[PDB]
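Peer 1: One file is attached below, coords-v2.pdb, containing PDB, C-alpha atoms.
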```
ATOM      1  CA  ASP A 338     -20.740  11.219  -4.417
ATOM      2  CA  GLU A 339     -20.822  14.149  -2.139
ATOM      3  CA  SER A 340     -19.429  13.709   1.343
ATOM      4  CA  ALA A 341     -17.677  15.871   3.910
ATOM      5  CA  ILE A 342     -14.482  13.909   3.505
ATOM      6  CA  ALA A 343     -14.435  14.005  -0.270
ATOM      7  CA  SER A 344     -16.750  14.688  -3.137
ATOM      8  CA  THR A 345     -15.964  12.419  -6.026
ATOM      9  CA  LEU A 346     -17.336  12.472  -9.552
ATOM     10  CA  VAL A 347     -19.490   9.463 -10.129
ATOM     11  CA  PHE A 348     -21.866  10.172 -12.903
ATOM     12  CA  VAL A 349     -21.370  11.769 -16.249
ATOM     13  CA  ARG A 350     -24.163  12.100 -18.791
ATOM     14  CA  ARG A 351     -24.669  13.996 -21.997
ATOM     15  CA  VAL A 352     -28.179  15.276 -22.446
ATOM     16  CA  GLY A 353     -29.896  17.112 -25.259
ATOM     17  CA  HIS A 354     -33.311  18.728 -25.216
ATOM     18  CA  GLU A 355     -35.994  19.118 -27.785
ATOM     19  CA  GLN A 356     -37.856  22.269 -28.720
ATOM     20  CA  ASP A 357     -41.068  20.671 -27.424
ATOM     21  CA  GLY A 358     -39.541  20.161 -23.982
ATOM     22  CA  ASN A 359     -38.558  16.552 -24.529
ATOM     23  CA  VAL A 360     -35.156  15.146 -23.559
ATOM     24  CA  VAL A 361     -32.549  13.013 -25.274
ATOM     25  CA  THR A 362     -30.095  11.090 -23.211
ATOM     26  CA  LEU A 363     -27.114   8.851 -23.828
ATOM     27  CA  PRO A 364     -25.998   6.032 -21.511
ATOM     28  CA  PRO A 365     -24.108   7.639 -18.603
ATOM     29  CA  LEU A 366     -20.595   7.050 -17.563
ATOM     30  CA  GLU A 367     -20.520   5.586 -14.160
ATOM     31  CA  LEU A 368     -17.430   5.915 -12.030
ATOM     32  CA  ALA A 369     -16.402   4.342  -8.752
ATOM     33  CA  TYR A 370     -13.651   5.101  -6.309
ATOM     34  CA  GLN A 371     -12.214   2.892  -3.640
ATOM     35  CA  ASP A 372     -13.786   3.121  -0.169
ATOM     36  CA  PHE A 373     -12.455   3.551   3.327
ATOM     37  CA  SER A 374     -14.257   1.743   6.085
ATOM     38  CA  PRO A 375     -11.998   1.409   9.157
ATOM     39  CA  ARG A 376     -14.565  -0.340  11.256
ATOM     40  CA  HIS A 377     -15.316  -3.108   8.772
ATOM     41  CA  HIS A 378     -11.682  -3.580   8.341
ATOM     42  CA  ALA A 379     -10.194  -3.447  11.718
ATOM     43  CA  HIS A 380      -8.028  -6.434  11.631
ATOM     44  CA  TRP A 381      -5.585  -7.079  14.364
ATOM     45  CA  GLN A 382      -2.790  -9.504  13.636
ATOM     46  CA  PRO A 383       0.258 -10.351  15.713
ATOM     47  CA  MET A 384       3.654  -9.252  14.467
ATOM     48  CA  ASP A 385       6.234 -11.636  15.883
ATOM     49  CA  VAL A 386       8.656 -10.315  13.360
ATOM     50  CA  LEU A 387       9.372  -7.196  15.387
ATOM     51  CA  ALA A 388      11.198  -9.130  17.988
ATOM     52  CA  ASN A 389      12.134  -6.756  20.767
ATOM     53  CA  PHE A 390      11.263  -3.584  18.965
ATOM     54  CA  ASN A 391      11.099  -1.461  22.069
ATOM     55  CA  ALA A 392       9.663   1.965  22.503
ATOM     56  CA  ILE A 393      12.062   2.601  25.372
ATOM     57  CA  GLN A 394      15.319   1.198  23.992
ATOM     58  CA  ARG A 395      17.343   2.651  21.141
ATOM     59  CA  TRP A 396      14.924   1.604  18.377
ATOM     60  CA  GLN A 397      13.380   3.422  15.457
ATOM     61  CA  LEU A 398      11.561   2.922  12.151
ATOM     62  CA  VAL A 399      13.608   4.553   9.462
ATOM     63  CA  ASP A 400      14.319   4.692   5.757
ATOM     64  CA  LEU A 401      17.959   3.970   5.861
ATOM     65  CA  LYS A 402      19.390   3.535   2.421
ATOM     66  CA  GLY A 403      16.350   5.210   0.813
ATOM     67  CA  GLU A 404      14.017   2.237   0.464
ATOM     68  CA  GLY A 405      10.262   2.973   0.408
ATOM     69  CA  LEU A 406       9.693   0.941   3.580
ATOM     70  CA  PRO A 407      11.223   1.523   6.993
ATOM     71  CA  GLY A 408      13.570  -0.944   8.465
ATOM     72  CA  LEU A 409      14.210  -1.549  12.074
ATOM     73  CA  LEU A 410      17.154   0.408  13.343
ATOM     74  CA  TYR A 411      18.870  -0.307  16.588
ATOM     75  CA  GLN A 412      21.562   1.941  17.909
ATOM     76  CA  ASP A 413      24.157   0.172  20.047
ATOM     77  CA  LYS A 414      27.296   1.474  21.611
ATOM     78  CA  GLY A 415      29.763   1.520  18.756
ATOM     79  CA  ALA A 416      27.469  -0.183  16.253
ATOM     80  CA  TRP A 417      24.188   0.221  14.558
ATOM     81  CA  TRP A 418      22.217  -2.815  13.665
ATOM     82  CA  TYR A 419      19.635  -2.863  10.987
ATOM     83  CA  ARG A 420      16.882  -5.031   9.595
ATOM     84  CA  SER A 421      15.668  -3.902   6.219
TER      85      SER A 421
ATOM     86  CA  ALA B2421      20.434  -9.281  22.180
ATOM     87  CA  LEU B2422      16.796  -8.882  21.694
ATOM     88  CA  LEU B2423      16.555  -8.513  25.449
ATOM     89  CA  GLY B2424      13.725  -6.225  26.285
ATOM     90  CA  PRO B2425      13.595  -3.563  29.040
ATOM     91  CA  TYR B2426      11.735  -5.898  31.323
ATOM     92  CA  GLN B2427      13.817  -8.990  30.598
ATOM     93  CA  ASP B2428      16.885 -10.268  32.378
ATOM     94  CA  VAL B2429      19.974 -12.179  31.462
ATOM     95  CA  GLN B2430      21.839 -14.192  33.952
ATOM     96  CA  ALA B2431      25.496 -14.218  33.265
ATOM     97  CA  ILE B2432      28.758 -14.284  35.154
ATOM     98  CA  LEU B2433      31.961 -12.869  33.881
ATOM     99  CA  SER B2434      35.068 -14.251  35.543
ATOM    100  CA  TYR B2435      38.844 -14.418  35.355
ATOM    101  CA  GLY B2436      40.234 -17.939  35.186
ATOM    102  CA  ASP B2437      43.808 -17.290  36.290
ATOM    103  CA  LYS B2438      46.209 -15.976  38.922
ATOM    104  CA  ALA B2439      46.287 -12.171  39.218
ATOM    105  CA  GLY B2440      46.304  -9.307  41.796
ATOM    106  CA  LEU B2441      42.502  -9.430  42.091
ATOM    107  CA  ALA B2442      40.491  -8.090  44.967
ATOM    108  CA  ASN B2443      38.205 -10.538  46.745
ATOM    109  CA  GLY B2444      34.879 -10.390  44.953
ATOM    110  CA  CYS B2445      36.489  -8.690  41.962
ATOM    111  CA  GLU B2446      37.274 -12.068  40.411
ATOM    112  CA  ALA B2447      33.714 -12.229  39.107
ATOM    113  CA  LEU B2448      31.142  -9.822  37.768
ATOM    114  CA  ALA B2449      27.464 -10.269  37.214
ATOM    115  CA  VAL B2450      25.820  -9.151  33.981
ATOM    116  CA  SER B2451      22.082  -8.602  34.283
ATOM    117  CA  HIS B2452      20.840  -6.303  31.548
ATOM    118  CA  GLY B2453      23.568  -6.475  28.937
ATOM    119  CA  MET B2454      23.754  -2.786  28.033
ATOM    120  CA  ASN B2455      27.252  -1.605  28.851
ATOM    121  CA  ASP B2456      26.690  -3.649  31.908
ATOM    122  CA  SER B2457      29.225  -3.298  34.687
ATOM    123  CA  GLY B2458      28.304  -5.584  37.578
ATOM    124  CA  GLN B2459      27.575  -2.629  39.798
ATOM    125  CA  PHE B2460      24.353  -0.924  40.706
ATOM    126  CA  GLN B2461      26.212   2.322  40.066
ATOM    127  CA  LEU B2462      29.551   2.953  38.348
ATOM    128  CA  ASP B2463      31.953   5.383  39.880
ATOM    129  CA  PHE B2464      35.582   5.437  38.834
ATOM    130  CA  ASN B2465      36.472   7.678  41.748
ATOM    131  CA  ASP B2466      34.833   6.028  44.785
ATOM    132  CA  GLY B2467      38.161   5.044  46.261
ATOM    133  CA  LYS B2468      37.750   1.361  45.360
TER     134      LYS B2468
ATOM    135  CA  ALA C2421      35.743   9.622  10.564
ATOM    136  CA  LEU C2422      33.671   6.565   9.699
ATOM    137  CA  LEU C2423      34.193   3.250  11.599
ATOM    138  CA  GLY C2424      33.227  -0.402  11.330
ATOM    139  CA  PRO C2425      30.941  -2.410  13.718
ATOM    140  CA  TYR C2426      33.046  -2.308  16.809
ATOM    141  CA  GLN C2427      36.197  -0.539  15.847
ATOM    142  CA  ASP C2428      38.038   1.909  18.026
ATOM    143  CA  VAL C2429      40.403   4.760  17.264
ATOM    144  CA  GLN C2430      43.955   4.682  18.424
ATOM    145  CA  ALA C2431      45.690   7.951  18.764
ATOM    146  CA  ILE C2432      48.203   9.674  20.989
ATOM    147  CA  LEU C2433      48.302  13.371  21.500
ATOM    148  CA  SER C2434      51.528  14.748  22.915
ATOM    149  CA  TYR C2435      53.500  17.941  23.458
ATOM    150  CA  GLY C2436      56.847  18.139  21.649
ATOM    151  CA  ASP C2437      58.567  20.877  23.655
ATOM    152  CA  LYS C2438      59.835  22.004  27.032
ATOM    153  CA  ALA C2439      57.014  22.692  29.478
ATOM    154  CA  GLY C2440      55.762  21.915  32.984
ATOM    155  CA  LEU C2441      54.368  18.562  32.056
ATOM    156  CA  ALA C2442      53.411  16.671  35.191
ATOM    157  CA  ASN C2443      54.243  13.022  35.369
ATOM    158  CA  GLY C2444      51.730  11.541  32.955
ATOM    159  CA  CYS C2445      50.366  14.851  31.673
ATOM    160  CA  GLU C2446      52.919  14.675  28.875
ATOM    161  CA  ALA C2447      50.636  12.710  26.575
ATOM    162  CA  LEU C2448      46.994  11.848  26.107
ATOM    163  CA  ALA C2449      45.388   8.755  24.632
ATOM    164  CA  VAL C2450      42.380   9.006  22.371
ATOM    165  CA  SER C2451      40.092   5.934  22.167
ATOM    166  CA  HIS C2452      37.286   7.400  20.115
ATOM    167  CA  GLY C2453      36.532  10.614  18.357
ATOM    168  CA  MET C2454      33.725  12.111  20.415
ATOM    169  CA  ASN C2455      35.457  15.104  21.923
ATOM    170  CA  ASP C2456      37.619  12.543  23.564
ATOM    171  CA  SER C2457      39.427  13.865  26.651
ATOM    172  CA  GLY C2458      42.340  12.009  28.098
ATOM    173  CA  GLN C2459      40.474  10.273  30.844
ATOM    174  CA  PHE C2460      37.732   7.841  31.560
ATOM    175  CA  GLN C2461      35.948  10.775  33.201
ATOM    176  CA  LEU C2462      36.650  14.473  32.888
ATOM    177  CA  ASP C2463      36.461  16.363  36.101
ATOM    178  CA  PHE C2464      37.664  19.922  36.306
ATOM    179  CA  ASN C2465      37.402  19.934  40.055
ATOM    180  CA  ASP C2466      39.022  16.698  41.299
ATOM    181  CA  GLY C2467      42.059  18.552  42.563
ATOM    182  CA  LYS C2468      44.357  17.325  39.788
TER     183      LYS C2468
ATOM    184  CA  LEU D1263     -37.649  -1.039 -14.220
ATOM    185  CA  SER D1264     -40.820  -2.715 -15.367
ATOM    186  CA  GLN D1265     -44.081  -1.215 -14.157
ATOM    187  CA  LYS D1266     -44.750  -4.157 -11.887
ATOM    188  CA  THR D1267     -41.387  -4.175 -10.159
ATOM    189  CA  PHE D1268     -41.742  -0.446  -9.777
ATOM    190  CA  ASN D1269     -45.125  -0.645  -8.152
ATOM    191  CA  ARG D1270     -43.695  -3.008  -5.516
ATOM    192  CA  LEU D1271     -40.653  -0.800  -4.880
ATOM    193  CA  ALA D1272     -42.544   2.501  -5.061
ATOM    194  CA  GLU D1273     -43.739   2.475  -1.471
ATOM    195  CA  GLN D1274     -40.229   2.249   0.117
ATOM    196  CA  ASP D1275     -37.288   0.823  -1.818
ATOM    197  CA  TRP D1276     -37.650   2.850  -4.901
ATOM    198  CA  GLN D1277     -36.641   5.894  -2.876
ATOM    199  CA  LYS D1278     -33.698   4.188  -1.225
ATOM    200  CA  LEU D1279     -32.487   2.845  -4.576
ATOM    201  CA  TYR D1280     -33.202   6.099  -6.359
ATOM    202  CA  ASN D1281     -31.131   8.125  -3.862
ATOM    203  CA  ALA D1282     -28.327   5.553  -4.184
ATOM    204  CA  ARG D1283     -28.450   6.231  -7.907
ATOM    205  CA  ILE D1284     -29.476   2.704  -8.653
ATOM    206  CA  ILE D1285     -32.652   3.881 -10.139
ATOM    207  CA  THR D1286     -31.968   6.718 -12.515
ATOM    208  CA  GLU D1287     -34.172   9.748 -13.048
ATOM    209  CA  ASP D1288     -35.883   7.993 -15.995
ATOM    210  CA  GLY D1289     -36.298   4.594 -14.252
ATOM    211  CA  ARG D1290     -33.178   2.772 -15.524
ATOM    212  CA  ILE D1291     -30.923   0.629 -13.434
ATOM    213  CA  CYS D1292     -27.397   1.996 -12.960
ATOM    214  CA  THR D1293     -24.875  -0.731 -13.486
ATOM    215  CA  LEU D1294     -22.268   0.078 -10.876
ATOM    216  CA  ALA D1295     -24.680   1.372  -8.316
ATOM    217  CA  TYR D1296     -26.766  -1.759  -8.364
ATOM    218  CA  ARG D1297     -23.716  -3.939  -8.260
ATOM    219  CA  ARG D1298     -22.310  -2.018  -5.340
ATOM    220  CA  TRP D1299     -25.544  -2.635  -3.433
ATOM    221  CA  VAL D1300     -25.581  -6.296  -4.401
ATOM    222  CA  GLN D1301     -22.002  -6.711  -3.177
ATOM    223  CA  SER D1302     -22.807  -4.684  -0.052
ATOM    224  CA  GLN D1303     -26.038  -6.636   0.663
ATOM    225  CA  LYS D1304     -28.066  -3.402   0.398
ATOM    226  CA  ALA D1305     -29.791  -4.353  -2.869
ATOM    227  CA  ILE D1306     -33.404  -5.325  -2.866
ATOM    228  CA  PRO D1307     -34.313  -8.776  -4.333
ATOM    229  CA  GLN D1308     -37.096  -7.062  -6.272
ATOM    230  CA  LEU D1309     -34.650  -5.614  -8.793
ATOM    231  CA  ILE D1310     -33.145  -9.080  -9.461
ATOM    232  CA  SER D1311     -36.086  -9.943 -11.649
ATOM    233  CA  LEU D1312     -35.177  -7.041 -13.921
ATOM    234  CA  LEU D1313     -31.851  -8.569 -14.743
ATOM    235  CA  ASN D1314     -33.535 -11.817 -15.816
ATOM    236  CA  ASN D1315     -37.048 -11.104 -17.198
ATOM    237  CA  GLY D1316     -35.761  -8.088 -19.091
ATOM    238  CA  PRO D1317     -32.535  -9.141 -20.870
ATOM    239  CA  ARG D1318     -30.386  -6.367 -22.178
ATOM    240  CA  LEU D1319     -29.580  -5.726 -25.771
ATOM    241  CA  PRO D1320     -26.383  -4.146 -27.095
ATOM    242  CA  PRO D1321     -26.890  -0.467 -27.884
ATOM    243  CA  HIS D1322     -28.523  -0.260 -31.219
ATOM    244  CA  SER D1323     -30.095   1.641 -34.055
ATOM    245  CA  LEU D1324     -32.902   0.982 -36.565
ATOM    246  CA  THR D1325     -33.374   2.192 -40.124
ATOM    247  CA  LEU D1326     -36.731   2.349 -41.920
ATOM    248  CA  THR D1327     -36.555   3.057 -45.658
ATOM    249  CA  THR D1328     -39.275   3.003 -48.237
ATOM    250  CA  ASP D1329     -38.499   1.592 -51.633
ATOM    251  CA  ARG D1330     -41.061   3.695 -53.477
ATOM    252  CA  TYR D1331     -42.257   7.302 -53.254
ATOM    253  CA  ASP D1332     -45.107   8.558 -51.068
ATOM    254  CA  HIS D1333     -47.852   8.524 -53.657
ATOM    255  CA  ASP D1334     -47.248   4.896 -54.572
ATOM    256  CA  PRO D1335     -49.734   2.228 -53.319
ATOM    257  CA  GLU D1336     -46.816  -0.155 -52.789
ATOM    258  CA  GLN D1337     -44.397   1.496 -50.427
ATOM    259  CA  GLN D1338     -42.607  -1.264 -48.650
ATOM    260  CA  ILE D1339     -40.673  -0.420 -45.579
ATOM    261  CA  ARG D1340     -37.275  -1.963 -45.514
ATOM    262  CA  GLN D1341     -36.159  -2.521 -41.989
ATOM    263  CA  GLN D1342     -32.688  -2.976 -40.609
ATOM    264  CA  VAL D1343     -31.393  -3.328 -37.073
ATOM    265  CA  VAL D1344     -27.821  -2.625 -36.162
ATOM    266  CA  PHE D1345     -26.164  -3.710 -32.915
ATOM    267  CA  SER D1346     -22.850  -2.445 -31.659
TER     268      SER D1346
END
```
Show the structure stored in the file as structure tokens.
Peer 2:
Amino acid sequence: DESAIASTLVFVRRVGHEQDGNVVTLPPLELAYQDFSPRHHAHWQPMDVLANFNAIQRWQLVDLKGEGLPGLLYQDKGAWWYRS
Amino acid sequence: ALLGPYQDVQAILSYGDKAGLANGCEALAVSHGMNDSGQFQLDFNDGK
Amino acid sequence: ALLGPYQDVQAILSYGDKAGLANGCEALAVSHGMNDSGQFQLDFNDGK
Amino acid sequence: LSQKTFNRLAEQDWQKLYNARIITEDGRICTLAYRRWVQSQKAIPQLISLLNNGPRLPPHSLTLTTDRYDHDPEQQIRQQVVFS
């Protein structure tokens, strides 16, 4: 499945040939990979959960405590607050 | 608080007792809540 | 050091000997650990 | 592909389906490639008939064995079909 972004292997087939020019094939192995289609899936949803997460206040998305998802960190004067 | 950069809080801080207060120093207004002194500018050496 | 939510640090720095210590320049109070000078504001040119 | 479905597809769709690897080099229908076009609404209704008027059989083999030797007037051919 040749493309500029990525060429994936999608078809595998074992083929023999005869001395008279004939061909012997076996059922192929078909493969599929997951697709990316950002226009078809362009789904905006509100996030009311990030209450007051402000680009211009002391806020950041960070992996405190080493979890695989960022929490919301807020840095106050004397305290940090955090929502994991 | 979850008080954004374009949001205000209306609050008055006051002293409910007898003390050597200056007139107008008995109460302070808090408007943004971030180390908020009720001054447009804070200067500890302005003579006041 | 490490601190809790809104804890401060209480420490007094003082000179234990004979010297020209001005009245009130004998000792310094520390409120926090961030290169904490003895004042609310450090000014090397306020005439004091 | 039956000859009749092919003849209908041959003017236009055969080429679209062939390039999409729905129709294989020897005229077979690729399982995942057709399904992807059915799911994607790219599939042509003309190949639907080939999933219904041409039922599939499990992959199989056939053995033909004579009971008697070649010169005999009574060579019966024993037939057996094996499906896996």
Peer 1: Based on all atoms listed in the file, which of the residues in chain A come within 8 Å of chain D? I want them as a ChimeraX atom specification.
Peer 2: /A:367-369
Peer 1: What do you get, as a PyMOL selection string, if you spell out every residue that the PyMOL selection byres ((chain B and resi 2456) around 12) selects here?
Peer 2: (chain A and resi 414) or (chain B and resi 2428-2433+2448-2455+2457-2462)
Peer 1: Determine, counting only C-alpha atoms, which protein, DNA and RNA residues have an atom within 7 Å of an atom of residue 419 of chain A; residues of the same chain fewer than 5 positions away are not included. Present the result as a ChimeraX atom specification.
Peer 2: /A:408-411
Peer 1: Check every residue of chain B for an atom within 10 Å of chain C, counting all atoms listed in the file, and provide those that qualify as a ChimeraX atom specification.
Peer 2: /B:2463-2465
Peer 1: Take the residues just selected and output them with C-alpha atoms as a PDB file, in the frame of the given file.
Peer 2:
```pdb
ATOM      1  CA  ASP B2463      31.953   5.383  39.880  1.00  0.00           C
ATOM      2  CA  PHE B2464      35.582   5.437  38.834  1.00  0.00           C
ATOM      3  CA  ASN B2465      36.472   7.678  41.748  1.00  0.00           C
TER       4      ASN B2465
END
```
Peer 1: Could you expand the PyMOL selection byres ((chain B) within 8 of (chain A)) into the explicit residues it covers here, written as a list in words?
Peer 2: residues 2422, 2423, 2424, 2425 and 2455 of chain B
Peer 1: Which RMSD value, in Å, follows from superposing chain C onto chain B on all C-alpha atoms in order by least squares?
Peer 2: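 Least-squares fit of chain C onto chain B, C-alpha RMSD 1.4 Å.
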Peer 1: Quick check, in Å to one decimal: how far apart do atom CA of residue 1340 of chain D and atom CA of residue 1324 of chain D lie?
Peer 2: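 About the pair atom CA of residue 1340 of chain D and atom CA of residue 1324 of chain D: they are 10.4 Å apart.
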Peer 1: Can you report as AutoDock Vina command-line options the centre and edge lengths in Å, to one decimal, of an axis-aligned box around the listed atoms of segment 340-345 of chain A padded with 8 Å on each side?
Peer 2:
```
--center_x -16.9 --center_y 14.1 --center_z -1.1 --size_x 21.0 --size_y 19.5 --size_z 25.9
```
Peer 1: Evaluate the PyMOL selection byres ((chain A and resi 399) around 12) and record the selected residues as JSON, numbers by chain, following the chain and residue labels used in the document.
Peer 2: {"A": [396, 397, 398, 400, 401, 402, 403, 404, 405, 406, 407, 408, 409, 410, 411, 412, 419, 420, 421]}
Peer 1: Suppose you want the space between atom CA of residue 1276 of chain D and atom CA of residue 1289 of chain D; what is it in Å?
Peer 2: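 Value for the atom CA of residue 1276 of chain D-atom CA of residue 1289 of chain D distance: 9.6 Å.
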Peer 1: Save segment 1314-1332 of chain D of the structure in the block above to a file, with N, CA, C and O atoms included, as a PDB file, in the first residue's frame.
Peer 2:
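Contents of decode-v4.pdb, freshly written:
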```pdb
ATOM      1  N   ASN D1314     -23.079 -14.137  -3.669  1.00  0.00           N
ATOM      2  CA  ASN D1314     -24.339 -14.831  -3.456  1.00  0.00           C
ATOM      3  C   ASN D1314     -24.661 -15.915  -4.492  1.00  0.00           C
ATOM      4  O   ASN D1314     -25.167 -16.981  -4.141  1.00  0.00           O
ATOM      5  N   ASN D1315     -24.300 -15.679  -5.758  1.00  0.00           N
ATOM      6  CA  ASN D1315     -24.591 -16.612  -6.852  1.00  0.00           C
ATOM      7  C   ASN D1315     -23.373 -17.470  -7.170  1.00  0.00           C
ATOM      8  O   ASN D1315     -23.339 -18.207  -8.156  1.00  0.00           O
ATOM      9  N   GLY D1316     -22.381 -17.362  -6.313  1.00  0.00           N
ATOM     10  CA  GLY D1316     -21.122 -18.066  -6.420  1.00  0.00           C
ATOM     11  C   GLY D1316     -20.589 -18.323  -5.022  1.00  0.00           C
ATOM     12  O   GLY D1316     -19.547 -17.778  -4.664  1.00  0.00           O
ATOM     13  N   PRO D1317     -21.250 -19.188  -4.231  1.00  0.00           N
ATOM     14  CA  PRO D1317     -20.903 -19.474  -2.862  1.00  0.00           C
ATOM     15  C   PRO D1317     -19.536 -20.096  -2.844  1.00  0.00           C
ATOM     16  O   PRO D1317     -19.146 -20.798  -3.776  1.00  0.00           O
ATOM     17  N   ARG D1318     -18.821 -19.811  -1.787  1.00  0.00           N
ATOM     18  CA  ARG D1318     -17.465 -20.253  -1.600  1.00  0.00           C
ATOM     19  C   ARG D1318     -17.416 -21.619  -0.985  1.00  0.00           C
ATOM     20  O   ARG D1318     -18.332 -22.009  -0.260  1.00  0.00           O
ATOM     21  N   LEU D1319     -16.367 -22.352  -1.296  1.00  0.00           N
ATOM     22  CA  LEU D1319     -16.183 -23.642  -0.682  1.00  0.00           C
ATOM     23  C   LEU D1319     -14.904 -23.583   0.114  1.00  0.00           C
ATOM     24  O   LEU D1319     -14.003 -22.849  -0.274  1.00  0.00           O
ATOM     25  N   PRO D1320     -14.754 -24.333   1.195  1.00  0.00           N
ATOM     26  CA  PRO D1320     -13.544 -24.393   1.953  1.00  0.00           C
ATOM     27  C   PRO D1320     -12.507 -24.844   0.979  1.00  0.00           C
ATOM     28  O   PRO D1320     -12.892 -25.489   0.000  1.00  0.00           O
ATOM     29  N   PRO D1321     -11.231 -24.550   1.206  1.00  0.00           N
ATOM     30  CA  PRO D1321     -10.137 -24.944   0.371  1.00  0.00           C
ATOM     31  C   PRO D1321     -10.178 -26.434   0.355  1.00  0.00           C
ATOM     32  O   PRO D1321     -10.407 -27.062   1.397  1.00  0.00           O
ATOM     33  N   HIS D1322      -9.943 -27.002  -0.802  1.00  0.00           N
ATOM     34  CA  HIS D1322     -10.051 -28.441  -0.892  1.00  0.00           C
ATOM     35  C   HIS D1322      -9.141 -29.106  -1.879  1.00  0.00           C
ATOM     36  O   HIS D1322      -8.386 -28.450  -2.601  1.00  0.00           O
ATOM     37  N   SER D1323      -9.172 -30.431  -1.826  1.00  0.00           N
ATOM     38  CA  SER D1323      -8.408 -31.301  -2.696  1.00  0.00           C
ATOM     39  C   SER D1323      -9.276 -32.483  -3.128  1.00  0.00           C
ATOM     40  O   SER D1323     -10.252 -32.842  -2.464  1.00  0.00           O
ATOM     41  N   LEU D1324      -8.938 -33.049  -4.280  1.00  0.00           N
ATOM     42  CA  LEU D1324      -9.601 -34.210  -4.869  1.00  0.00           C
ATOM     43  C   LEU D1324      -8.655 -35.295  -5.338  1.00  0.00           C
ATOM     44  O   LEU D1324      -7.665 -35.032  -6.021  1.00  0.00           O
ATOM     45  N   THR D1325      -8.955 -36.522  -4.940  1.00  0.00           N
ATOM     46  CA  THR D1325      -8.183 -37.691  -5.340  1.00  0.00           C
ATOM     47  C   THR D1325      -8.963 -38.589  -6.286  1.00  0.00           C
ATOM     48  O   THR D1325     -10.148 -38.866  -6.074  1.00  0.00           O
ATOM     49  N   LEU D1326      -8.307 -38.994  -7.373  1.00  0.00           N
ATOM     50  CA  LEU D1326      -8.862 -39.905  -8.367  1.00  0.00           C
ATOM     51  C   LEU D1326      -8.027 -41.182  -8.488  1.00  0.00           C
ATOM     52  O   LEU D1326      -6.898 -41.153  -9.000  1.00  0.00           O
ATOM     53  N   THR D1327      -8.536 -42.316  -8.026  1.00  0.00           N
ATOM     54  CA  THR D1327      -7.694 -43.516  -8.048  1.00  0.00           C
ATOM     55  C   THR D1327      -8.346 -44.664  -8.776  1.00  0.00           C
ATOM     56  O   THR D1327      -9.494 -44.999  -8.493  1.00  0.00           O
ATOM     57  N   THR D1328      -7.635 -45.318  -9.691  1.00  0.00           N
ATOM     58  CA  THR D1328      -8.282 -46.433 -10.328  1.00  0.00           C
ATOM     59  C   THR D1328      -8.139 -47.652  -9.457  1.00  0.00           C
ATOM     60  O   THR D1328      -7.140 -47.809  -8.754  1.00  0.00           O
ATOM     61  N   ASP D1329      -9.083 -48.572  -9.564  1.00  0.00           N
ATOM     62  CA  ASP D1329      -8.968 -49.796  -8.796  1.00  0.00           C
ATOM     63  C   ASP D1329      -8.022 -50.750  -9.499  1.00  0.00           C
ATOM     64  O   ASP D1329      -7.115 -51.323  -8.896  1.00  0.00           O
ATOM     65  N   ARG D1330      -8.240 -50.886 -10.790  1.00  0.00           N
ATOM     66  CA  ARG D1330      -7.559 -51.793 -11.697  1.00  0.00           C
ATOM     67  C   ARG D1330      -6.533 -51.097 -12.567  1.00  0.00           C
ATOM     68  O   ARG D1330      -6.508 -49.872 -12.645  1.00  0.00           O
ATOM     69  N   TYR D1331      -5.656 -51.894 -13.163  1.00  0.00           N
ATOM     70  CA  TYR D1331      -4.554 -51.444 -14.007  1.00  0.00           C
ATOM     71  C   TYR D1331      -5.029 -50.989 -15.364  1.00  0.00           C
ATOM     72  O   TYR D1331      -6.130 -51.294 -15.783  1.00  0.00           O
ATOM     73  N   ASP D1332      -4.204 -50.216 -16.037  1.00  0.00           N
ATOM     74  CA  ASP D1332      -4.513 -49.567 -17.317  1.00  0.00           C
ATOM     75  C   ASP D1332      -5.049 -50.444 -18.428  1.00  0.00           C
ATOM     76  O   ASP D1332      -5.851 -49.990 -19.240  1.00  0.00           O
TER      77      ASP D1332
END
```
